[PDB]
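Just the first chains of my complex for now:
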Amino acid sequence: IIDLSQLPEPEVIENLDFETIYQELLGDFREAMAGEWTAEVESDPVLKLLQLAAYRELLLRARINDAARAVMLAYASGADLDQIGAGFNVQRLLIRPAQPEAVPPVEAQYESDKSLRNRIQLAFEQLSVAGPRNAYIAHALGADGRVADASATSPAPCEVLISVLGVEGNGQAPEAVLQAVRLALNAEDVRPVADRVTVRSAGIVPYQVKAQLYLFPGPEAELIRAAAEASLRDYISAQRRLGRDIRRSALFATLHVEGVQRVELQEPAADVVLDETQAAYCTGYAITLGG
């Protein structure tokens, strides 16, 4: 499950600049006026009409591109996935909806973006009820107080080892929340197959990071230091969302913001490995400046 809406933009029609559109129109104009072109013909009112026309399909090559973004799931915005999710059996549901406890403070709330698209990505992984590798995953994301799932099998066959991980805080998920997956997997699995439900199947080791960043002599060091954790504190919660590894390079590139000339790392001596079974948790960070 990887978000495709974080890439450079695709161009379905080519997006020419204002100058080569203008000379492309002039060439067609000369062919049409062949035998009639004169220096007087290319007057100031006629040219200012052609400078408009070079600008109008500058706003139409921009129109076809901006329309083709919001059709593909790559770079589609709100109030428009309801037309796409209807093609994938995806209806938005209510997560604590508008109950007016007090009548002037209205509190209306729906599902946000970049997770409802993920369900649309898993829509075709919910068709097969014979239990492939992702149908145990794509049905376990019906709950809210968890994170995504991974499937494996070390023992004897028809013994499924699913690792129900959950992001709500310090590690261990509650066992009452663990019982909800059997309420979400009753008539979706196969009947002879039998799973075991382990919340933490490998163990939790405490991790940190210690970075001594440098900023330039220039703008304020309060909002530039804090901008590093704006791309980091949501990045650590997205590591076990796919069950995959963290790297040394993840501790570099998520700290490069506007105003950085070099970074440094000391907390691992060598990188660790985190497989689809093995996972870990990060307790507390401290990223300051060296200057």
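Okay, I see it. Numbering: from 1, shown residues only, chains lettered A, B, ... in the order given.

Test my guess that residue A:131 contacts residue A:192.
No. Applying C-beta atoms under 8 Å, one finds residue A:131 not in contact with residue A:192, separated by 10.4 Å. (Each C-beta comes from the backbone N, C-alpha and C, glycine too.)

Which one's more surrounded, these two?
Neighbour count, other C-beta atoms under 10 Å: between residue A:131 and residue A:192, residue A:131 has more, with 17 against 6.

who's in contact with the more buried one?
Under the criterion of C-beta atoms under 8 Å, 6 or more residues apart in numbering, the neighbours of residue A:131 are A:188-190, A:193.

Pull out the buried members of those residues.
Neighbour-count burial (16 or more other C-beta atoms under 10 Å) applied to these gives residue A:189.

Pipe the contacts of residue A:131 into TSV and attach distance to residue A:49 and secondary structure per row.
Conversion of those to TSV gives the following (distance: C-beta to C-beta, whole Å; DSSP: H, G, I helix; E, B strand; the rest coil):
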residue	distance to residue A:49	secondary structure
A:188	64	coil
A:189	68	coil
A:190	70	coil
A:193	72	coil
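
in which helix or strand would I find residue A:195?
In the assignment (DSSP states H and E), residue A:195 maps to strand A:194-198.

Does anything pack onto the following helix or strand past that strand? Which helices or strands?
Sequence order places strand A:206-207 as the next helix or strand after strand A:194-198, per DSSP H and E. The criterion is 3 or more C-beta pairs under 8 Å, 6 or more residues apart in numbering; DSSP states H and E, and the helices and strands that strand A:206-207 contacts are strand A:281-282.

Which SSE is immediately downstream of the strand it packs on?
strand A:286-289.

Packing partners of that next one?
Contact analysis of strand A:286-289 by 3+ C-beta pairs under 8 Å, 6+ apart lists strand A:210-213, helix A:221-226 as its packing neighbours.

from these, which stretch is densest packed?
Most buried of the helices and strands packed on strand A:286-289, by mean neighbour count (mean count of other C-beta atoms under 10 Å): strand A:210-213, with a mean of 18.

So what are the sheet partners of it and their directions?
Using DSSP bridges, strand A:210-213 pairs in its sheet with strand A:286-289 (parallel).

from the middle of its chain, how far away would the strand it pairs with be?
Mean-position distance between strand A:286-289 and its chain equals 27 Å (C-alpha atoms, centre = their mean, to the nearest Å).

following sequence is chain B, add it:
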Amino acid sequence: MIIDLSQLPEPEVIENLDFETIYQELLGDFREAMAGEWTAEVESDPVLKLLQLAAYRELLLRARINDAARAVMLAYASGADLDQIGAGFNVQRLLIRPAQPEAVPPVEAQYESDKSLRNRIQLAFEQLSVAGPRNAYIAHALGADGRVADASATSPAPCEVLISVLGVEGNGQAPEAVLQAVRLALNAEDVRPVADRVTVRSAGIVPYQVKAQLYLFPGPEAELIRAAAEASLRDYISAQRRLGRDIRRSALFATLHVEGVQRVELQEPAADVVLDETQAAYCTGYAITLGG
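Okay, chain B now, added to the rest:
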């Protein structure tokens, strides 16, 4: 559980259009570009001949993009544009009457309306595909016709799944002709390495007689209320053609004692029936009688 398309909010890419809000922009893009050198907004001026093509032909391109964006959405496509959504999901439009006529006037081939294609693309997800759970082994066992509902179990985990077909023709035994008629569907509609031991019955005819010594008041209603309790017995037995099949003693007391019976003396149910999925049940008849 599909959501109706008439409750969706309106999307972003569909725009109400106006000729004026394009053409009044083309006035306000040309008037500032001339720097006051053109000032004749009379319609007979041949700049307003040309700004009404650049506001109409652009509006035709704005309508092609809106027509093409609706043609790839399920709640708005129609015509030959639901053909391309249908062909991707292996859904075809039906054939009510065929295409070719036998007579000299050409008979038109009737086709189901495009308001029902949005039903069929939307039901192409929640559909019987493979016999995974307990509720799908039985729905893939609906090839024959002379048969009522069924349930599945699996006594081991790793290999064997057990399906016990019962068909109510006579005593409720499965014939040998329909044993192979089940196996034709199952091979291609089930998980490949199953040991689907589809044999006719774990246990078939388990004859459950009933007798009831009804004690009533001898008044006028004793003919009308006695046959009403017998009708409540008929649809009960028709609801016990099942593998839940909980034939009991005290559960038949409640049915008999609905409004007016004083008591009853049940002969043939003396103990509770032990319950497994493998066995079946049947009721051959009864011998009802009056107390006096």
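
so, the contacts of residue A:131 revisited with chain B in the model?
Residue A:131 makes contact with A:188-190, A:193, B:132, according to C-beta atoms under 8 Å, 6 or more residues apart in numbering or on different chains.

helix or strand for the closest residue to residue A:268 other than its chain neighbours, which one?
In this structure, residue A:268 finds its nearest non-sequential neighbour in residue A:248, 6.2 Å apart by C-beta to C-beta, 6 or more residues apart in numbering or on different chains. Element membership for residue A:248 (DSSP H and E) is empty, with no helix or strand holding it.

circling back: packing partners for the strand holding residue A:195?
If contacts are counted by 3 or more C-beta pairs under 8 Å, 6 or more residues apart in numbering or on different chains; DSSP states H and E, strand A:194-198 sits against strand A:159-164.

Pairing partners for the strand it packs on, with directions?
Using DSSP bridges, the neighbouring strands of strand A:159-164 in the sheet come out as strand A:149-152 (antiparallel), strand A:194-198 (parallel).

Pretty sure residue A:123 sits against residue A:84.
No. Taking C-beta under 8 Å as the contact criterion, residue A:123 and residue A:84 are not neighbours in contact, 10.1 Å apart.

Find residues that contact each of these two.
residue A:90.

helix/strand/coil for residue A:65?
In three-state terms, and counting by DSSP: H, G, I helix; E, B strand; the rest coil, residue A:65 is helix.

does it really touch residue A:12, like I thought?
Yes. With contacts defined as C-beta under 8 Å, residue A:65 counts as touching residue A:12 at a distance of 6.4 Å.

anything in contact with each of these two?
Counting by C-beta under 8 Å, 6+ apart, residue A:65 and residue A:12 have no shared contacts at all.

still on that earlier bit, show me what contacts the residue nearest to residue A:268?
Under the criterion of C-beta under 8 Å, 6+ apart, the contact partners of residue A:248 comprise A:265, A:268, A:271.

do the same with residue A:150
A:137, A:162-163, A:165, A:243, A:276-277.

what pairs with it across the strands?
Taking DSSP bridges, one finds residue A:163 as the beta-bridge partners of residue A:150.

Identify the residue nearest the geometric centre of chain A.
residue A:3 (3.7 Å; C-alpha atoms, centre = their mean).

near chain B, which residues of the stretch 101-250 of chain A?
Taking C-beta under 8 Å from any C-beta of the partner chain, the part of the stretch 101-250 of chain A that reaches chain B is made up of A:123, A:127-131, A:156-159, A:186-194.

put chain C onto that model:
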Amino acid sequence: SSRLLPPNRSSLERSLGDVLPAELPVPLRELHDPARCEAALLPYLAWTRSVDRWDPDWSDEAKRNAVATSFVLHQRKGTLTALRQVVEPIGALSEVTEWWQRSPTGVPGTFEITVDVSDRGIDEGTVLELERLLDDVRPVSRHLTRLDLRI
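With chain C now in place:
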């Protein structure tokens, strides 16, 4: 065009009616037909159809049928019919195993499958992919990691 303008028109306006509109193609319906997508934007459509495995080495006739039949493959994962079509670019359909061909009650592992694939078009490599290409069709614990091959 020229016809769109009124009948009384100069040759200057008649030329500008072919130029000032300046129509453009709208290649928007081709974005969701996999048999009509361009090759430069094809892996965008492969994401939203949840095409699990993909190679940037196939011919274009071998790339578009892998996207068009991605619905039918995931609709019935357990059934043999999908297994036949998941080996689409390697043209191969020879033989499939079943329980009763082995007499002593199956292998220890409750009969994990050892399928047969025959490839004559390409002989170099093509082995190290087939143990993980068939992994998505394989359930998590209904089958074991035993596998057979053929060149």
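
again for the contacts of residue A:131, chain C present now?
The contact partners of residue A:131, by C-beta under 8 Å, 6+ apart, come to A:188-190, A:193, B:132, C:77, C:139-140, C:142.

switch the cut-off to 6 Å
If a contact means C-beta atoms under 6 Å, 6 or more residues apart in numbering or on different chains, then residue A:131 has A:189-190, C:139 as its contacts.

Equivalent analysis for residue A:236, please.
Contacts were defined as C-beta under 6 Å, 6+ apart; by that measure residue A:236 touches residue A:282.

Could you check the longest helix seen in chain C and say which residues are buried?
Using DSSP state H to assign secondary structure, the helix with the most residues in chain C is helix C:60-68. Neighbour-count burial for helix C:60-68 flags C:63-68 (criterion: 16 or more other C-beta atoms under 10 Å in any protein chain shown).

Any part of the following helix or strand past it near chain A?
Heading C-terminal from helix C:60-68, the first helix or strand you meet, by DSSP H and E, is helix C:70-75. Yes. Using C-beta under 6 Å from any C-beta of the partner chain as the criterion, contacts between helix C:70-75 and chain A involve C:74-75.

List the contacts of helix C:70-75.
A:124, A:127-128, B:89-90, B:129, C:49, C:51, C:82, C:86.

Of those, just the buried ones, ChimeraX syntax please.
Those of those that count as buried under 16+ other C-beta under 10 Å are selected in ChimeraX with:
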select /A:124,127,128 /B:129 /C:49,51,82,86
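
Now render the contacts of helix C:70-75 as CSV, adding distance to residue C:104.
Formatted as CSV, the contacts of helix C:70-75 follow (distance: C-beta to C-beta, whole Å):
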residue, distance to residue C:104
A:124, 40
A:127, 37
A:128, 32
B:89, 44
B:90, 41
B:129, 34
C:49, 43
C:51, 40
C:82, 30
C:86, 30
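
re earlier: does chain B sit close to the longest helix of chain C?
No. With C-beta under 6 Å from any C-beta as the measure, helix C:60-68 is seen stopping short of chain B, the closest distance being 6.6 Å.

quick check, residue C:132 in a helix?
Yes. Using three-state DSSP, the secondary structure at residue C:132 is a helix.

any idea how far it lies from chain B?
Plainly put, residue C:132 is 19 Å away from chain B if you go by C-beta to the nearest C-beta, to the nearest Å.

Kindly indicate which of the buried residues of helix C:60-68 lies nearest chain A.
Using C-beta to the nearest C-beta, residue C:67 is the member of those that sits closest to chain A, with 12.1 Å.
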